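Quick mapping for you: the protein sequence lines, in order, are chains A, C and D. Residue numbers 46 to 163, 163A to 163B, 164 to 280, in the authors' numbering, belong to the letters of the first sequence in order. Residue numbers 1 to 52, 52A, 53 to 82, 82A to 82C, 83 to 121, 123 to 134, 145 to 221, in the authors' numbering, belong to the letters of the second sequence in order. Residue numbers 1 to 27, 27A, 28 to 196, 204 to 213, in the authors' numbering, belong to the letters of the third sequence in order. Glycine included, C-beta positions come from ideal geometry on N, C-alpha and C. What follows is a set of notes on a single structure, which appears directly below.
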Amino acid sequence: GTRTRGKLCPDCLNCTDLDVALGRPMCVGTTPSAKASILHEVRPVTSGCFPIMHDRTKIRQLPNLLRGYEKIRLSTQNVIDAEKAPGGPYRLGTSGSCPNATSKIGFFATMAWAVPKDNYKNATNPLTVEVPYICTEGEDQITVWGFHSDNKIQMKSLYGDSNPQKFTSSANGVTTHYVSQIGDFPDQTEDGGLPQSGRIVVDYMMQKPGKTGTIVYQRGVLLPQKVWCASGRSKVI
Amino acid sequence: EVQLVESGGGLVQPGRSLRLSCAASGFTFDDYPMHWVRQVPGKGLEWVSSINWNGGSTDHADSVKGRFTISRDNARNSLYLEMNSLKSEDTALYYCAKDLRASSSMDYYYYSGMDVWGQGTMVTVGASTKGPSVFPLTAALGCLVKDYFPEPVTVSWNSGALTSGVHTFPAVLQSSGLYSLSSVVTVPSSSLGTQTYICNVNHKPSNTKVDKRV
Amino acid sequence: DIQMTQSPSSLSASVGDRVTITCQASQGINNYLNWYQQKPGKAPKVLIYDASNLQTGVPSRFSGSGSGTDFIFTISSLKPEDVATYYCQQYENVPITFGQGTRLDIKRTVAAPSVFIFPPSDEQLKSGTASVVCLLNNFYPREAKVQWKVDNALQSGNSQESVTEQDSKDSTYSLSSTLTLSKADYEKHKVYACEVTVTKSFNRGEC
Ligand SMILES: *[C@@H]1O[C@H](CO)[C@@H](O[C@@H]2O[C@H](CO)[C@@H](O[C@@H]3O[C@H](CO)[C@@H](O)[C@H](O)[C@@H]3O)[C@H](O)[C@H]2NC(C)=O)[C@H](O)[C@H]1NC(C)=O
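See below:
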């Protein structure tokens, strides 16, 4: 009678569950719904895009929570205009470490890499941005955020100061802060094999239907563009 | 008008160091990566160094690995190239060019075709710069540049009022280590009494300009 | 590292002719190749980007092709305005490399050189130096022989020449002969003339 799904996206070849979860390029596809989904990975491991400091956050259990939801679909449209966020003009950070069928460049769709234009050189002030609820009638807002941090000189090469950056988000009573890490980054893991002195810290926040999402950030943030709209409950096993 | 103007040419003795500059105008300078390309006069093309729109990804050729360094400022619409410990082979003409792709790649793969080149400036790698001696000449006439040193030099005519029917000869290499070239123009017979023709010469490293009448 | 090798290096073809230049890469490259036109003395300009995509603003007669290991360049109909040296350029991984370049020149004219002879200026003689110029302007062959003769004496090694090139207006190579001399040797002989393989002559101090 009923059917099952172990792979969150069939027809997404060579893509693990966390590959399609982060919105890795060449892993986006139709993610259908089945009331009885099977759990397979104790350690959801990625493969491809920019290396991740997985242990810094609770990011590893995004699909195992998403698999408990019946219907799943990524955001049809962007959540916020990244370039028009406060704190100066921003350039959509593309990258060659996350390739694409047309060109070797690309990046996550769930998150965009914000880079301040070279007009930026000033003592900064903390910033804030809300996160709307674009999702449908009952589908919960599963927003995926993060920030980038590189070596000491590369941060100063990209941003105004070599000093660490401060971030924090809050939604549905869950409030968490984050400070960036500089230098002596751990080994490259779950990447495409290309050397990168920078690292990525990924996390997510849940907004019940109508609940606004708050995001306070500094330089080096990975603002979300696409987000997950999931509702109901799917049987986990 | 989209322009790319190189600057800082002249003479340097072996082992020295230089800081070349390039000025951009007429386009959104911040979106396109930049390249530097050298060329020995009358020879092939060799690539120097390339940088993305950001200062995040720098790539150098192995021929100038550790000796040259690229740098840019998008707030001032200027591109720089820092050169250290210049070798004898580095004597060439160096071009400033922008990339055509606007991809803000920040990764290894960001370089593409140029589509826009500057006029270039000459890098010479060790004797005092000399100023030229200028000598004048249907009928024909011209002007001789003699007794000078640096190859970069141009000749204008009537303050630039005649390029048709003219022919500019490349520099010759005398056994005296000094360059030499001339430029002549085809004129009718009756032009000897009606129009006064003037040839205009300029030498940049020695700040020498001489305009002579026949 | 990548290296590019272009095939003909020197191409001679008639007006309105279809010419073909190939550029094969040392290693494999997928469509990442561009082409450039460079007339002598001026800055190069791009013609074809990313394997056969014609650049906006350039004539439609140009065209490219190629994929994988072998890449092709094509000029459908030749206009005299197309004379230049052409380079293929890759934008795949590592330093972008060019071919060693291919030069192109045209193969339809026979027009006879115009000959002009110029006595040196008086103001140059006041500095202890004299230099005579022998000119041959707008001649097709380029393959030409010019000799000097000062009073039936052969001038050897003391003359120099220049590569005038051909301006792209149905024109052809020119040439000037620079005979370098000193002041002492100048006033010791009378007749000056340069042989062409026809000769114009003058006398030192006459009208
Ligand atoms: C990943 O591959 C997809 C195709 O499966 C790319 O799709 C489209 O690519 C263009 C070119 O980068 C994107 O930008 C647009 O380009 C046009 C032409 O230059 C420009 O006029 C527009 O203003 C826009 O910048 C386009 O947004 C994109 N569309 C979609 C739905 O993806 C995609 O670009 C590739 N990924 C990345 C990061 O480029």
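| Item | Value |
| --- | --- |
| Beta-carbon proximity list for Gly203 (chain A), same chain, < 6 Å, skipping 5 on both sides | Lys164 |
| heavy atom of ligand 1 below 7 Å from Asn145 (chain A) C-beta | yes |
| CA nearest to the CA of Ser173 (chain D), picked from D:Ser161, D:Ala42, D:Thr22 and D:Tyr35 | D:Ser161 |
| Chain A within 8 Å of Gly184 (chain C), Cβ atoms only | no |
| Spatially closest choice to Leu107 (chain A) from A:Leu53, A:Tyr221, A:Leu237 and A:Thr255, by CA coordinates | A:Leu53 |
| Start and end residues, beta strand (DSSP E) containing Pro108 (chain A) | No beta strand (DSSP E) holds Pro108 (chain A); the alpha helix (DSSP H) holding it covers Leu107 to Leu111. |
| Through-space distance from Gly226 (chain A) to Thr232 (chain A), alpha-carbon basis | 16 Å |
| Which listed residue (C:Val191, C:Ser198, C:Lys64 and C:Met110) has its alpha carbon closest to that of residue 136 (chain C) | Chain C lacks coordinates between 134 and 145, the interval that contains residue 136 (chain C). |
| Contact the segment 96-108 of chain C vs the segment 26-34 of chain C: 3+ CB pairs below 8 Å | yes |
| Within the segment 184-212 of chain C, ranges of the alpha helix (DSSP H) (whole runs, at least 4 residues) | 198-201 |
| Contact check, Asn137 (chain D) vs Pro118 (chain D), beta carbons under 8 Å | no |
| Limits of the alpha helix (DSSP H) - the one that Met198 (chain A) falls within | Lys195 to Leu201 |
| Those residues which DSSP pairs with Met82 (chain C) across a bridge | C:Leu18 and C:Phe67 |
| Beta-carbon neighbours of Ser99 (chain C), restricted to chain A and to distances below 7 Å | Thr139 and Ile150 |
| Stretch-stretch touch, CB-based, cutoff 8 Å, three pairs: the segment 125-134 of chain C with the segment 199-210 of chain C | yes |
| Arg101 (chain A) - DSSP class collapsed to helix/strand/coil | helix |
| Residues that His59 (chain C) bridges to, as DSSP identifies them | C:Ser49 |
| Spatial distance of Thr211 (chain A) from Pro96 (chain A) (CA atoms) | 21 Å |
| Rounded straight-line distance, which links the Cα of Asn163A (chain A) to that of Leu170 (chain A) | 18 Å |
| Buried versus exposed, by CB contacts within 10 Å (16 or more), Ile196 (chain A) | exposed |
| Start and end residues, beta strand (DSSP E) containing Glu6 (chain C) | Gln3 to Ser7 |
| Residues bridged to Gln250 (chain A) (per DSSP) | A:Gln184 |
| Min CB distance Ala183 (chain D) to chain C below 8 Å | no |
| At least 3 beta-carbon pairs within less than 8 Å: the segment 2-21 of chain D vs the segment 171-178 of chain C | no |
| Cβ contact (3+ pairs, closer than 8 Å) linking the segment 111-124 of chain A and the segment 73-84 of chain A | yes |
| Option in C:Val221, C:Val121, C:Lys219 and C:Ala93 with minimal Cα separation from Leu4 (chain C) | C:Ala93 |
| CB contact below 8 Å: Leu201 (chain A) versus chain C | yes |
| Identified DSSP bridge partners for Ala74 (chain C) | In DSSP, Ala74 (chain C) forms no bridge with anything. |
| For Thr128 (chain D) and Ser7 (chain C), the rounded distance between their alpha carbons | 35 Å |
| Check: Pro70 (chain A) C-beta below 7 Å from any heavy atom of ligand 1 | yes |
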